[PDB]
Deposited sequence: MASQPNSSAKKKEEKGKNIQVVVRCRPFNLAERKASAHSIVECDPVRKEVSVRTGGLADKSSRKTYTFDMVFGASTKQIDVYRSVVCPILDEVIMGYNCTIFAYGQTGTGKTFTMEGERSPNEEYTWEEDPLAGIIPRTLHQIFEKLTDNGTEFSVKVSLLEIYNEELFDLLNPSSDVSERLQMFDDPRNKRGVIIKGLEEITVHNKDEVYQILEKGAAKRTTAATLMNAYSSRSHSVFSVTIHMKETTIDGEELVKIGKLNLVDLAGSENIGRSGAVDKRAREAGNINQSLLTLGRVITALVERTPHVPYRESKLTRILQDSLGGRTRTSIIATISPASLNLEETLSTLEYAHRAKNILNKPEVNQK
């Protein structure tokens, strides 16, 4: 019902250690609380403390995130629901690391086994174990678009030029959802197809980053997975159940047509929590795509990412405030 909101804090990086950054963040997994030290040299006892559905401190690893947050959501996708997980937070804090992950250098690890892999690869792997281990007939289609400056780009298209644009339209079968005209949806026949698909997507992103200013922090990225499963009743009737999972990595929250989406996202959340009558979904590409995940029939989680350094105090607080409000968004989840 309420959307689930969790917080992940990344460890210090080398720049921060070189600069002797002190920590101002404290995670308590059991009480599910984050607590920010607030008063610098002036007031040593000051704190702001917030309660979330779950809390992940600096030493938390990609496997822990997946086990705690995604497994439950993945089961519900398998039972024929739509789900959305998204990452919100300041640039540099681990939205991408959490949602995609990285490759460990050289040969080192098989992609199914890279400890650095994030939610998207781990999920694609699990869909194959859980549904093959299980008998049952199924197909998996993925897609990956990016929104930048209110234009949409298709990272998995066979087209060789990233800058060729998609277009968006209302679904006549779902008052709350959209059709992306031109989107490539690639059918993923087994887990041995996965990596090449992602690698071509990554190569497409690299080109786009060289074409557009500050691409990697000003853009939103939407990875979707659609699964079709065959169910036979006890009467012997053959009916299909469809589950869809969107994995969204938002533009950096510090950025306030170039910020349109990140700004309409904020107004949308506000209009929902403060129960205002017209909710401005239409006003950005992002919120049209996410409309059903903010107040609709989709089950939603948010991963708020934060830095632990004293330097980013203000933005850290800002992310926590923003994400804590979002707990009061109520969805009405429903199978397809």
| item | value |
| --- | --- |
| Missing stretches, numbered from 1 on the deposited chain sequence and kept in order | 1-16, 273-286, 367-368 |
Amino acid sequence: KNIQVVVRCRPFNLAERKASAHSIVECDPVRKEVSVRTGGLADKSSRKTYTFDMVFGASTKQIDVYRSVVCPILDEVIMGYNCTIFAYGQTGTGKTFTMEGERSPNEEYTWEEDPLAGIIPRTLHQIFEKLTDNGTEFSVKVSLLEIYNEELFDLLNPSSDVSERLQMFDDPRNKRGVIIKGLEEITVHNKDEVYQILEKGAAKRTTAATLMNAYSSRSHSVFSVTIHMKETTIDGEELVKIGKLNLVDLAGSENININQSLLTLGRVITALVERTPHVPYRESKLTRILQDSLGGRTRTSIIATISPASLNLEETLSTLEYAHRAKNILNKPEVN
From here on, numbers count along this sequence of modelled residues.
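In this text, rigid core is short for the largest set of C-alphas that superpose within 1.5 Å between two forms.
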item: More shifted region, core-based fit in 7 other deposited structures of this protein, 285-293 vs 269-277 by CA; value: 269-277
item: Positional deviation of Cα atoms in 7 other deposited structures of this protein after core superposition, greater for 80-88 or 199-207; value: 199-207
item: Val240 dropped from a third or more of the other entries of this protein; value: no
item: Across other compared entries, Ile256 missing in at least a third; value: yes
item: Of 295-303 and 270-278, the stretch whose C-alpha atoms average the higher B-factor in the entry; value: 270-278
item: Entry-level comparison of average CA B-factors, 111-119 and 131-139, reporting the higher stretch; value: 131-139
item: Peak C-alpha temperature factor (PDB record), options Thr233, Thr98, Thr210, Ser224; value: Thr233
item: Residue selected from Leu250, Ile258, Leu245, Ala214 by maximal Cα B factor; value: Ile258
item: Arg10, C-alpha B-factor rank within chain (lowest, middle or highest third); value: lowest
item: Chain-wide C-alpha B factor ranking for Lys181, given as lowest, middle or highest third; value: middle
item: Third of chain Cα B-factors occupied by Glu238; value: highest
item: Ranked against its chain, the third holding the CA B-factor of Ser104; value: highest
item: Chain-wide C-alpha B factor ranking for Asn190, given as lowest, middle or highest third; value: highest
